[PDB]
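In what follows, a single structure is set out as structure tokens and then discussed.
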Amino acid sequence: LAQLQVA
Amino acid sequence: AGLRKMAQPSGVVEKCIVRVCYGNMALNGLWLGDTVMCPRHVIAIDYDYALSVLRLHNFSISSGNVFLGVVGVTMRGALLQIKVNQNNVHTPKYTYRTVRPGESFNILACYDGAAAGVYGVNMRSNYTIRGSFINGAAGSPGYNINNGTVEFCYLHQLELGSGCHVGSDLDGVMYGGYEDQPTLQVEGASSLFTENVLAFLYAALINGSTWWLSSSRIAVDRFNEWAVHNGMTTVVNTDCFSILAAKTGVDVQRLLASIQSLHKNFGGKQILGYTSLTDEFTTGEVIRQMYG
Amino acid sequence: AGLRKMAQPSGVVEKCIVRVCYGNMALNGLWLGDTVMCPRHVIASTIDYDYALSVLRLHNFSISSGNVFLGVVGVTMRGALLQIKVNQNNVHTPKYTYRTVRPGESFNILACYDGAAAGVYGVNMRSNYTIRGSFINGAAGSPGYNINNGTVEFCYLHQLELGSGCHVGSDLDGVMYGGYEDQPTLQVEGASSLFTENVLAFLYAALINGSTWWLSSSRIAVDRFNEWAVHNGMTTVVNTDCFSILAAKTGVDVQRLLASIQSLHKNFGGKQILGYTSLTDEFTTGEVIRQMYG
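Sequences listed follow chains C, A and B, in order.
Letter by letter, the first sequence follows residues 1 to 7 of the deposited numbering.
Letter by letter, the second sequence follows residues 1 to 44, 51 to 298 of the deposited numbering.
Letter by letter, the third sequence follows residues 1 to 45, 50 to 298 of the deposited numbering.
Laid out in structure tokens, this is it:
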């Protein structure tokens, strides 16, 4: 699970 | 005296940060001239389809309290290139440059379109950086400053399962070819950049740390054979150490032998506060901090 | 995820740096309103600073913001600083306060040369009132600061380097940290100890980031640990309430971390924690809580 760091 | 990982002053970049919001998504953008660049996942994936059904008015882009009107959006690799209705009058002289493994740059960590922190990093051989970012950090820029010209080299994109960090360049090209997708990706193995470790040891000598210094030498050729079995990069050229070797009177071959003994063990001692070899400092950083 | 020693953004401070020259000396000053503060050693030829001030000519100062020179109106002694009154107000003066930091507290250094910011990094005041900096000749007058809700809190102006390479400054009231003399005499830094409350914060950051290899199953009471600490190069633990949220989030109490600290002493260097020296003391509970949770 790559985490695309958008809020 | 001293050696510290530091950043170049962030003021000229701070005035370029904006908040970019779309739907349930919020991250940071970089506002230069009349364009805002941000990671495309803010519209999340078939990114082309996402763009095709975009409603421009669903954007909220702001610089502090100042809202920016969206004129148009185009895809730029893993970035959106957003044309806005106002020029950023505080746009600095700037370039874009893609960095290579082993090179240092500055991260301005941003949340909600405002700079929160600044720290230096170094691009690993697997194209990740040792960052500190939590959710909302995407779009934080990486930069270097040369002669007052800001060279933008990174926009933060994602964190891998192991916790290390991946960005794209400002051309929209992801470092290391990682995908801006929520999929299982694992970063490759990484090796210590020997050239950087050498720079660190020269810094140590200049700061009076000599306990670890070998009387022995190892030729660059023989070292490189050991290196590839021991998680370190090869040394091909040593021109970048001429100044430091002259300042200290210690040649690269003696430092390479020292590296071999220190790679396994520091034996409970420290070198400039470290208990393990570090490759985060380039020869350039070391020369600047020692000599200005 | 991750943990890095960061600086707060330096923009608001950068516009306050000036170059201050007098005679053969050049260093940095901090220009706020119509005053420039700088280390008083810029007027030195032991130094009798009162004598040096008595023979000073105002026209011998050269103070500049970029290529703009400021007219000098007056000078007053302020401990180890000079307060120099100038004929122009800095229009970029932020809202600001002064505060003297205490050992174990973090702040930001803006390293300056020739009246211009060159680098920015976070530091932590040591138990012997020195900071682990990187400064070379010309850095005196470089300011230390914290930013709290839009107000810049100035807490340090760089003064000198001791023989060991340790860095010492004064607060903005002109009081030297640690009582070191702003003189070129031989002084040695006091004994320094690792700041245990900060090591505790660091180990909580490590747990939150999935690092548990070093975690002891044993426990030691705070006061018993403190007796050990002062014979083992570490400071006593005085504040524990600050750890309440971290203990709650991790399920690990302070007494367990204290036992872990003792054990980390006994194979010191055998392994890093989050890529750092295992007994890192440069992070405060506040810094950790910010980087973990925002």
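All C-beta atoms in this analysis are idealised placements derived from N, C-alpha and C, irrespective of residue type, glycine included.
- In chain order, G298 make up the part of chain B whose C-beta sits under 8 Å from the C-beta of A:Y117.
- In this structure, B:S146 and A:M6 do not form a Cβ contact; the two beta carbons are roughly 12 Å apart against a cut-off of 8 Å.
- Of the other Cβ atoms in all chains shown, fewer than 16 fall within 10 Å of the Cβ of A:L62; this residue is therefore exposed.
- Rounded to the nearest whole angstrom, the CA to CA distance from B:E286 to B:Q266 is 18 Å.
- Only buried fits A:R130, as 16 or more other CB atoms lie within 10 angstroms of its CB.
- In this structure, the alpha-carbon of B:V256 lies about 31 Å from that of B:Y133.
- Residue pairing by DSSP puts B:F73 in a beta bridge opposite B:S68.
- Not flagged as an interface residue toward chain B: A:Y22, since no C-beta distance is shorter than 8 Å.
- Among the residues facing chain B, A:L114 is included, as its CB has a counterpart in that chain under 8 Å away.
- For A:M25, a Cβ of chain C is located within less than 8 Å of the residue's own Cβ.
- Taking C-beta atoms under 8 Å as the contact rule, A:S197 and A:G142 fail to qualify, at a distance of about 32 Å.
- Within chain A, not a single residue places a beta-carbon under 9 Å from that of B:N94; the smallest gap is close to 15 Å.
- The residues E201, in chain order, have a CB closer than 8 Å to that of B:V242 in the same chain once the five nearest residues on each side in sequence are set aside.
- The straight-line gap separating the alpha-carbon atoms of B:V79 and B:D118 is approximately 21 Å.
- Under the three-state reduction of DSSP, B:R82 is assigned to strand.
- With a threshold of 16 other beta carbon atoms within 10 Å, B:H235 falls short and is exposed.
- Under the three-state reduction of DSSP, B:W232 is assigned to helix.
- Shown here, A:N202 sits in a helix according to DSSP, grouped into three states.
- Remark: fewer than three beta-carbon pairs, one from each stretch, lie closer than 8 Å, so the stretch 213 to 232 of chain A and the stretch 149 to 156 of chain A are not flagged as touching.
- Following the DSSP letters along the chain, one finds B:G290 inside the alpha helix (DSSP H) bounded by residues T289 to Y297.
- The Cβ atoms of B:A84 and B:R19 lie no closer than 8 Å to each other.
- Taking a C-beta distance under 8 Å as the contact criterion, A:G169 and B:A1 qualify as a contact pair.
- In this structure, the CA atom of A:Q295 is about 7 Å from the CA atom of B:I140.
- The beta-carbon of B:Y100 is placed no less than 8 Å from the nearest beta-carbon of chain A.
- In the DSSP annotation of this structure, the continuous segment of the beta strand (DSSP E) that includes B:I17 starts and ends at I17 to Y22.
- Here B:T35 is bridged, per DSSP, to B:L32 and B:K89.
- Per DSSP, reduced to three states, the secondary structure at B:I224 is coil, with no helix or strand assignment.
- Residue range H171 to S174 is occupied by the beta strand (DSSP E) that includes A:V172, with no alpha helix (DSSP H) assigned at that position.
- Here the C-alpha atom of A:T35 lies approximately 19 Å from the C-alpha atom of A:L114.
- Here the alpha carbons of B:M37 and B:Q92 stand approximately 14 Å from one another.
- In the structure shown, A:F247 falls within a helical segment according to DSSP collapsed to helix, strand and coil.
- Rounded to the nearest angstrom, the gap between the Cα atoms of B:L268 and B:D175 is 35 Å.
- Comparing C-alpha distances from B:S10 to each of B:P98, B:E185 and B:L27 shows the shortest one belongs to B:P98.
- Between A:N128 and A:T281, the alpha-carbon positions lie close to 19 Å from each other.
- Annotation: B:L207 has no Cβ neighbours in chain A at a cutoff of 9 Å; minimum Cβ distance is about 16 Å.
- B:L166 has its alpha-carbon roughly 10 Å from the corresponding atom of B:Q187.
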